[PDB]
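This report concerns only the one structure given below.
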Amino acid sequence: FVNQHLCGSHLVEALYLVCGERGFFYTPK
Amino acid sequence: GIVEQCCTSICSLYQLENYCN
Ligand SMILES: [Cl-]
Ligand SMILES: [Zn+2]
């Protein structure tokens, strides 16, 4: 796998891909 | 947070896993 910059909706799409059925929390500061 | 970690700098898919429930 690789590192990358993930911003805005792209970050949330990545979380969906990684966590899937587990669910996730998106909590910006 | 996740935004400083992954947007401002770069992050790995493994670090994203830290935010799974
Ligand atoms: Cl964009
Ligand atoms: Zn875009």
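Numbering starts fresh at 1 for the residues of each chain in the structure tokens, the chains themselves are lettered A, B, ... in the order given, and ligands are numbered from 1 as they appear.
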Please report as a ChimeraX atom specification which residues of chain A come no farther than 7 Å from chain B, using only C-alpha atoms. /A:2-7,15,18-19,22-25,28-29
Written selection (N, CA, C and O atoms) as a short mmCIF file (atom, residue, chain, number, x, y, z; two decimals), in the first residue's frame:
data_model
loop_
_atom_site.label_atom_id
_atom_site.label_comp_id
_atom_site.auth_asym_id
_atom_site.auth_seq_id
_atom_site.Cartn_x
_atom_site.Cartn_y
_atom_site.Cartn_z
N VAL A 2 0.24 2.41 -0.19
CA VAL A 2 0.98 3.66 -0.34
C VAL A 2 0.42 4.76 0.56
O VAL A 2 -0.74 4.70 0.98
N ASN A 3 1.26 5.75 0.87
CA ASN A 3 0.80 6.97 1.54
C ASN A 3 0.18 7.94 0.53
O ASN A 3 0.46 7.85 -0.67
N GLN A 4 -0.65 8.86 1.00
CA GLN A 4 -1.14 9.92 0.12
C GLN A 4 -1.89 11.02 0.87
O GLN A 4 -2.29 10.83 2.01
N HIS A 5 -2.04 12.18 0.22
CA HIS A 5 -2.86 13.28 0.74
C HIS A 5 -4.34 12.97 0.46
O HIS A 5 -4.72 12.74 -0.69
N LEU A 6 -5.17 12.98 1.50
CA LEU A 6 -6.60 12.74 1.34
C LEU A 6 -7.37 13.85 2.03
O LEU A 6 -7.27 14.03 3.24
N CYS A 7 -8.15 14.60 1.25
CA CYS A 7 -8.83 15.77 1.76
C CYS A 7 -10.30 15.74 1.43
O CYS A 7 -10.71 15.18 0.42
N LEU A 15 -12.00 6.25 4.17
CA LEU A 15 -12.46 5.64 5.42
C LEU A 15 -13.52 4.57 5.15
O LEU A 15 -13.51 3.50 5.76
N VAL A 18 -11.68 1.47 3.77
CA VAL A 18 -10.88 0.79 4.78
C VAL A 18 -11.73 0.14 5.88
O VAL A 18 -11.47 -1.01 6.26
N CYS A 19 -12.75 0.85 6.37
CA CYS A 19 -13.53 0.38 7.52
C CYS A 19 -14.75 -0.44 7.13
O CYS A 19 -15.12 -1.38 7.84
N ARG A 22 -17.49 -2.21 9.46
CA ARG A 22 -17.11 -1.83 10.82
C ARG A 22 -17.68 -0.47 11.21
O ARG A 22 -17.92 -0.20 12.38
N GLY A 23 -17.88 0.39 10.22
CA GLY A 23 -18.26 1.76 10.49
C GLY A 23 -17.04 2.57 10.88
O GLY A 23 -15.97 2.02 11.08
N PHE A 24 -17.20 3.88 10.96
CA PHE A 24 -16.10 4.76 11.30
C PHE A 24 -16.63 6.06 11.85
O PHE A 24 -17.82 6.33 11.77
N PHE A 25 -15.74 6.85 12.43
CA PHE A 25 -16.12 8.19 12.84
C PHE A 25 -15.23 9.19 12.11
O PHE A 25 -14.04 8.97 11.92
N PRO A 28 -13.41 16.01 12.28
CA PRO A 28 -12.46 17.08 11.95
C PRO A 28 -12.26 17.99 13.15
O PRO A 28 -13.11 18.04 14.04
N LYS A 29 -11.15 18.72 13.16
CA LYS A 29 -10.86 19.61 14.27
C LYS A 29 -11.10 21.08 13.93
O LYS A 29 -11.62 21.85 14.75
#
Quick one: residues within 9 Å of ligand 1, with only C-alpha atoms and all ligand atoms, as a PyMOL selection string? chain A and resi 7-10
Generate a file of the selected residues that holds N, CA and C atoms, formatted as an mmCIF file, in the first residue's frame.
data_model
loop_
_atom_site.group_PDB
_atom_site.id
_atom_site.type_symbol
_atom_site.label_atom_id
_atom_site.label_comp_id
_atom_site.auth_asym_id
_atom_site.auth_seq_id
_atom_site.Cartn_x
_atom_site.Cartn_y
_atom_site.Cartn_z
ATOM 1 N N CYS A 7 -8.147 14.597 1.251
ATOM 2 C CA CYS A 7 -8.827 15.774 1.763
ATOM 3 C C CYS A 7 -10.304 15.744 1.426
ATOM 4 N N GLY A 8 -11.104 16.367 2.281
ATOM 5 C CA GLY A 8 -12.520 16.517 2.020
ATOM 6 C C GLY A 8 -13.225 15.197 1.832
ATOM 7 N N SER A 9 -14.058 15.122 0.804
ATOM 8 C CA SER A 9 -14.859 13.924 0.613
ATOM 9 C C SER A 9 -13.962 12.738 0.272
ATOM 10 N N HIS A 10 -12.774 12.997 -0.266
ATOM 11 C CA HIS A 10 -11.873 11.887 -0.588
ATOM 12 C C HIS A 10 -11.411 11.136 0.651
#
Based on DSSP run over this structure's backbone, return all residues of chain B in helix (DSSP H, G or I), as a list in words.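 Taking chain B and keeping helix (DSSP H, G or I) gives residues 2, 3, 4, 5, 6, 7, 8, 13, 14, 15, 16, 17, 18 and 19 of chain B.
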Preceding selection exported with N, CA, C and O atoms as an mmCIF file, in the first residue's frame:
data_model
loop_
_atom_site.group_PDB
_atom_site.id
_atom_site.type_symbol
_atom_site.label_atom_id
_atom_site.label_comp_id
_atom_site.auth_asym_id
_atom_site.auth_seq_id
_atom_site.Cartn_x
_atom_site.Cartn_y
_atom_site.Cartn_z
ATOM 1 N N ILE B 2 -7.417 13.476 12.355
ATOM 2 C CA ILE B 2 -7.374 12.807 11.058
ATOM 3 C C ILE B 2 -7.080 13.779 9.907
ATOM 4 O O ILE B 2 -6.422 13.419 8.932
ATOM 5 N N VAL B 3 -7.556 15.012 10.018
ATOM 6 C CA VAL B 3 -7.322 16.002 8.963
ATOM 7 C C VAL B 3 -5.869 16.486 8.929
ATOM 8 O O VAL B 3 -5.282 16.643 7.858
ATOM 9 N N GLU B 4 -5.285 16.721 10.100
ATOM 10 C CA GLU B 4 -3.873 17.065 10.163
ATOM 11 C C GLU B 4 -3.021 15.882 9.706
ATOM 12 O O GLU B 4 -1.988 16.052 9.057
ATOM 13 N N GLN B 5 -3.477 14.683 10.044
ATOM 14 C CA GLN B 5 -2.754 13.453 9.752
ATOM 15 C C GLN B 5 -2.750 13.104 8.260
ATOM 16 O O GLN B 5 -1.713 12.725 7.716
ATOM 17 N N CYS B 6 -3.906 13.230 7.605
ATOM 18 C CA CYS B 6 -4.083 12.698 6.241
ATOM 19 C C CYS B 6 -4.236 13.736 5.124
ATOM 20 O O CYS B 6 -3.977 13.436 3.957
ATOM 21 N N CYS B 7 -4.674 14.942 5.464
ATOM 22 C CA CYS B 7 -4.892 15.966 4.447
ATOM 23 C C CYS B 7 -3.711 16.923 4.363
ATOM 24 O O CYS B 7 -3.109 17.094 3.304
ATOM 25 N N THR B 8 -3.380 17.545 5.488
ATOM 26 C CA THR B 8 -2.289 18.511 5.528
ATOM 27 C C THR B 8 -0.945 17.854 5.214
ATOM 28 O O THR B 8 -0.207 18.327 4.347
ATOM 29 N N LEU B 13 -3.145 3.881 4.662
ATOM 30 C CA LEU B 13 -4.419 3.207 4.876
ATOM 31 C C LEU B 13 -4.441 2.570 6.261
ATOM 32 O O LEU B 13 -5.499 2.418 6.870
ATOM 33 N N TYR B 14 -3.265 2.210 6.766
ATOM 34 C CA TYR B 14 -3.179 1.614 8.091
ATOM 35 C C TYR B 14 -3.532 2.622 9.184
ATOM 36 O O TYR B 14 -4.183 2.271 10.163
ATOM 37 N N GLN B 15 -3.122 3.876 9.007
ATOM 38 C CA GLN B 15 -3.475 4.915 9.969
ATOM 39 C C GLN B 15 -4.969 5.214 9.913
ATOM 40 O O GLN B 15 -5.573 5.563 10.924
ATOM 41 N N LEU B 16 -5.573 5.084 8.733
ATOM 42 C CA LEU B 16 -7.006 5.322 8.617
ATOM 43 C C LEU B 16 -7.784 4.308 9.444
ATOM 44 O O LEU B 16 -8.889 4.591 9.901
ATOM 45 N N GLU B 17 -7.201 3.123 9.628
ATOM 46 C CA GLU B 17 -7.886 2.058 10.343
ATOM 47 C C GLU B 17 -8.107 2.429 11.793
ATOM 48 O O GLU B 17 -8.955 1.848 12.473
ATOM 49 N N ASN B 18 -7.323 3.388 12.264
ATOM 50 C CA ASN B 18 -7.447 3.860 13.633
ATOM 51 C C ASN B 18 -8.793 4.527 13.890
ATOM 52 O O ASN B 18 -9.171 4.731 15.039
ATOM 53 N N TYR B 19 -9.503 4.867 12.816
ATOM 54 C CA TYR B 19 -10.763 5.599 12.910
ATOM 55 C C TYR B 19 -11.974 4.722 12.591
ATOM 56 O O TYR B 19 -13.097 5.209 12.507
#
